[PDB]
Amino acid sequence: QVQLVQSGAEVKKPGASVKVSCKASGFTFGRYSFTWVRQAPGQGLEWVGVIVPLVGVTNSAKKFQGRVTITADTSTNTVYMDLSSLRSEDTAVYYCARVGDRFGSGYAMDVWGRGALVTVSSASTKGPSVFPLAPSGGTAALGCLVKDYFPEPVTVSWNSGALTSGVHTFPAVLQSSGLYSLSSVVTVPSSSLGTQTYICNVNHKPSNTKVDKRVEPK
Amino acid sequence: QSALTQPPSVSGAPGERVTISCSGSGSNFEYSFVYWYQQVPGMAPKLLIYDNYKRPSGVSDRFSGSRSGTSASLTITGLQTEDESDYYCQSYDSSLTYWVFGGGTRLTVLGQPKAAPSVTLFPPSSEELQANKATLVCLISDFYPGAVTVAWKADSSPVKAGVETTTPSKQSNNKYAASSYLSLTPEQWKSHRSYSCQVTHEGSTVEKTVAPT
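Sequences listed follow chains A and B, in order.
The working numbering puts the last residue of the first sequence at 309; the count rises by one with no breaks.
The working numbering puts the last residue of the second sequence at 840; the count rises by one with no breaks.
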């Protein structure tokens, strides 16, 4: 049940720097090695770098020359990767992986951290504008449009959790302006349209924006 | 560093046997060790095979590795639906201290029946039009396999300008969903007599239409 506990998600502007940590759980550095593997969205795994804390050696892929510094702290068993002058290509999930058996032999990455998403974008934090999508033995569809926010994620509830059936929140779209938009729709018996109210509760935690929008028939 | 070539993907039916190849261009690739990783989408990679053929604890014995000439192969016996994942081979260059990954192989487990997409189309709300904005919302859901194409029409003519469409995403019922948005101006929306989101999936096109009310 050994683990590699990583730091969380970070949103960065291009040209900035990011530092991701990776702390050993249930073991110490010993003779193990620690690598950094990243995955850009919709692409394959890419090896970034490595550190052998016992001997202090560090290396990293050629395309990261001068941009990555891998360090370690043996007293807290934590590994650090620092990636500077960020660009859009660096948007990725950064994993740390332990390498080698308990004698420092072997090169397979056998223990993996859960990963840390790094987003590189020139867009600034913005809360969403919420608009109702009015409905017009049949079912009815009504929804909420959560438009022009950054960054991810947003949560959408219906009637403060009380309505959970027929709810479909679709993955968001990334506009050319760098802001996101998504929609949440609920399918209800059309006869229920005149029985009760429908409120979608939008929460955008990166901007502490909370919006309740009533959705009414046209 | 040298490069490891993997198959673009692999497909099989439940209970069938599938093999994934891996080719290295380096001169020493035949004798160097090869490792195999499985990444379920949404999760971190996990080691399946190390040192050509050895299998860690807790990895099913229907995964096996082998070497043939200057190549490596992963063999998945008795296919199951969870075996859908990306599979990466990897090699380690000792003279560079480099790890080199393969391009990855997407394994699709055949069997799930073809499902047509349900389309829901929303016009711009009156509140959005009062904010001098306008967005048409095409919500697509319940389709399998996980691929659609979306076209928009202003009256009876294509648009392309302002179309933002997401990638397919896997729903909780193992079918797929997608969204397509058309940004417009309040005057463009009231300029045309209607718009039509046309979703194409397996040679069949599903259409919905909305008009200013």
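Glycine residues also receive a C-beta, built at the ideal position from the N, C-alpha and C atoms.
Residues, ordered as in the chain, of the stretch 631-662 of chain B that lie near chain A by beta-carbon distance below 9 Å: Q633, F660 and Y662
CB contact flag (B:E711, B:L734, <8 Å): Position 84 of the second sequence holds residue 711 of chain B. Position 107 of the second sequence holds residue 734 of chain B. Taking 8 Å as the Cβ cut-off, B:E711 and B:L734 qualify as a contacting pair.
Spatially closest choice to A:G228 from A:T246, A:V128 and A:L284, by CA coordinates: Residue mapping note: residue 228 of chain A aligns to position 137 of the first sequence, counting from 1. Here the closest residue by C-alpha is A:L284.
Stretch pair the stretch 251-271 of chain A + the stretch 189-196 of chain A: three plus CB contacts closer than 8 Å: no
Reduced DSSP secondary structure (H/G/I, E/B, other) of A:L177: As a position in the first sequence, residue 177 of chain A is number 86, starting the count at 1. Three-state result, A:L177: coil.
CB of B:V777 within 8 Å of CB of B:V727, strictly: Here the question's residue 777 of chain B lines up with position 150 in the second sequence. Here the question's residue 727 of chain B lines up with position 100 in the second sequence. No, the pair does not count as a contact, with Cβ atoms beyond the cut-off.
Cβ of residue 856 of chain B within 8 Å of any chain A Cβ: This structure cannot speak to residue 856 of chain B, because chain B is shown only from 628 to 840.
Where A:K153 sits in the DSSP three-state scheme: Residue 153 of chain A sits at position 62 when you count from the first residue of the first sequence. Three-state DSSP puts A:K153 in a helix.
Neighbour flag for A:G147 against chain B, beta carbons, 8 Å: What you label residue 147 of chain A is simply residue 56 of the first sequence in a count that begins at 1. For A:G147, the answer is no, since every Cβ of chain B falls outside 8 Å of its Cβ.
Cβ neighbours of B:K817 in the same chain (closer than 6 Å, five flanking residues each side left out): Here residue 817 of chain B corresponds to residue number 190 of the second sequence, with the count starting at 1. Same-chain partners within the cutoff: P839.
Candidates A:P308, A:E137, A:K103 and A:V139, of which the one nearest A:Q287 by Cα: One-based indexing of the first sequence puts residue 287 of chain A at position 196. When each option's Cα is compared against that of A:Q287, the closest is A:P308.
Distance, A:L236 Cα to B:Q757 Cα: For the purposes of this step, residue 757 of chain B is taken as the residue at position 130 of the second sequence. For the purposes of this step, residue 236 of chain A is taken as the residue at position 145 of the first sequence. Their backbone Cα atoms lie some 15 Å apart in a straight line.
Under 7 Å from the C-beta of B:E814: neighbouring residues of chain A: Looking up residue 814 of chain B in the second sequence gives position 187. Those within 7 Å of B:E814 in chain A number zero; the least Cβ separation is about 18 Å.
Cβ distance (whole Å) where A:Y171 is taken to contact A:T162 below 8 Å: Indexing the first sequence from 1 puts residue 171 of chain A at position 80. Indexing the first sequence from 1 puts residue 162 of chain A at position 71. Indeed, because the Cβ distance is near 5 Å, the residues count as touching under 8 Å.
Bridge partners - A:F125, DSSP secondary structure assignment: The residue given as residue 125 of chain A occupies position 34 in the first sequence. Per DSSP, A:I142 and A:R189.
Close beta carbons around A:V143, own chain, < 6 Å, minus the five adjacent residues each side: As a first step, residue 143 of chain A must be located in the first sequence, where it is residue number 52. If we look at A:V143 and ignore the five residues flanking it on each side, its Cβ neighbours are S124.
A:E243 (DSSP reduced to helix, strand or coil): Locating residue 243 of chain A in the first sequence gives position 152, where the first residue counts as 1. Coil at A:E243, not helix or strand.
As assigned by DSSP and simplified to three states, the class of B:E643: By 1-based counting over the second sequence, the position of residue 643 of chain B is 16. Coil, per DSSP.
Environment of A:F194 [buried if 16+ CB atoms lie within 10 Å]: Taking the first sequence and counting its residues from 1, the one referred to as residue 194 of chain A is at position 103. Exposed, because fewer than 16 other Cβ atoms sit within 10 Å of the Cβ of A:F194.
Supposed contact pair A:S298 and A:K217 - C-beta distance, whole angstroms, cut 8 Å: Your numbering for residue 217 of chain A matches position 126 in the first sequence. Your numbering for residue 298 of chain A matches position 207 in the first sequence. The pair is a contact, with the Cβ atoms about 7 Å apart (cut-off 8 Å).
B:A781 and B:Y808 closer than 8 Å at C-beta: Mapped onto the second sequence, residue 781 of chain B falls at position 154. Mapped onto the second sequence, residue 808 of chain B falls at position 181. Not closer than 8 Å, so no.
Cβ-based neighbour list, A:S108, same chain, cut-off 8 Å, excluding 5 preceding and 5 following: Residue mapping note: residue 108 of chain A aligns to position 17 of the first sequence, counting from 1. Closer than 8 Å at Cβ, skipping near neighbours: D173, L174, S175, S176 and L177.
Same chain, Cβ closer than 6 Å to B:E657, five either side skipped, listed in chain order: Along the second sequence, read from residue 1 onward, the residue named residue 657 of chain B stands at position 30. So the qualifying residues of the chain are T697.
Runs of beta strand (DSSP E) lying entirely within the stretch 638-695 of chain B, each at least 3 residues, in chain order: 645-651, 661-666, 673-676 and 690-694
CB contact check: B:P744 to chain A, cutoff 8 Å: Residue 744 of chain B sits at position 117 when you count from the first residue of the second sequence. Chain A contact via Cβ: absent.
Whether B:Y725 touches B:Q665 by CB criterion (8 Å): Residue 725 of chain B sits at position 98 when you count from the first residue of the second sequence. Residue 665 of chain B sits at position 38 when you count from the first residue of the second sequence. No. Outside cutoff.
Rounded straight-line distance, which links the Cα of B:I767 to that of B:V746: Your numbering for residue 746 of chain B matches position 119 in the second sequence. Your numbering for residue 767 of chain B matches position 140 in the second sequence. One C-alpha to the other measures close to 5 Å.
Within 8 Å, strictly: CB atoms of A:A207 and A:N168: In the first sequence, counting from the first residue as 1, residue 207 of chain A sits at position 116. In the first sequence, counting from the first residue as 1, residue 168 of chain A sits at position 77. It is not a contact, given that the beta carbons lie outside the stated cut-off.
Assigned secondary structure, B:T708 (DSSP; H/G/I helix, E/B strand, else coil): Here residue 708 of chain B refers to the residue found at position 81 when the second sequence is read from its first residue. Helix.
Which of helix, strand or coil DSSP assigns to A:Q130: Stepping through the first sequence from its first residue, residue 130 of chain A is reached at position 39. In the structure shown, A:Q130 sits in a strand (DSSP, three-state: E or B).
7 Å CB neighbourhood of A:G117 in its chain, flanking five on each side removed: What you label residue 117 of chain A is simply residue 26 of the first sequence in a count that begins at 1. The answer, listed in chain order, is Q92, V93 and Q94.
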